[PDB]
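Just the one chain here, the form solved without the DNA, laid out as structure tokens.
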């Protein structure tokens, strides 16, 4: 589900990028060839984030937890394969992009500028800032 916010923010920074790229593991939402980095915009429910957007469904609970667990394992392998290929990976969680605690365009823009152009190690952005992936 292509993120409007991010396409316009990346465009404003002067960067060229590909979107929803099926040629790379995980089909990353945005790919910036010039800086060897890819960006995923993950939903907090489907990818099992630890924030307030994560809610356990009251119906077929076990089924849902098993399914979302499998999504997480698949995400870990896609991220490892990308890194083995030489890509840096950023995950921007949904809680940073939409809803009550979302970042301002200014805060979000500054974190993107430093991470892309400063060649930061793989990381993830949430409502509390930027964190390494490992």
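Positions refer to the first chain, counted from 1.
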Avg C-alpha B-factor, entry values, 100-108 vs 28-36, higher side is 100-108
Using only the Cα atoms and their B-factors as the entry lists them, report which of 67-75 and 51-59 averages higher.
51-59
Mind checking which third residue 122 falls in for C-alpha B-factor across the chain?
lowest
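Only in words, not in the display: the form deposited with the DNA bound, which the text now covers.
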For the DNA in the deposited complex, the stretch among 31-39, 105-113, 56-64, 82-90 with residues bearing a heavy atom within 4.5 Å is 56-64
Test of understanding: in the deposited complex, would residue 98 fall inside 4.5 Å of the DNA by heavy atoms?
yes
Heavy atom to heavy atom, is residue 47 within 4.5 Å of the DNA in the deposited complex?
yes
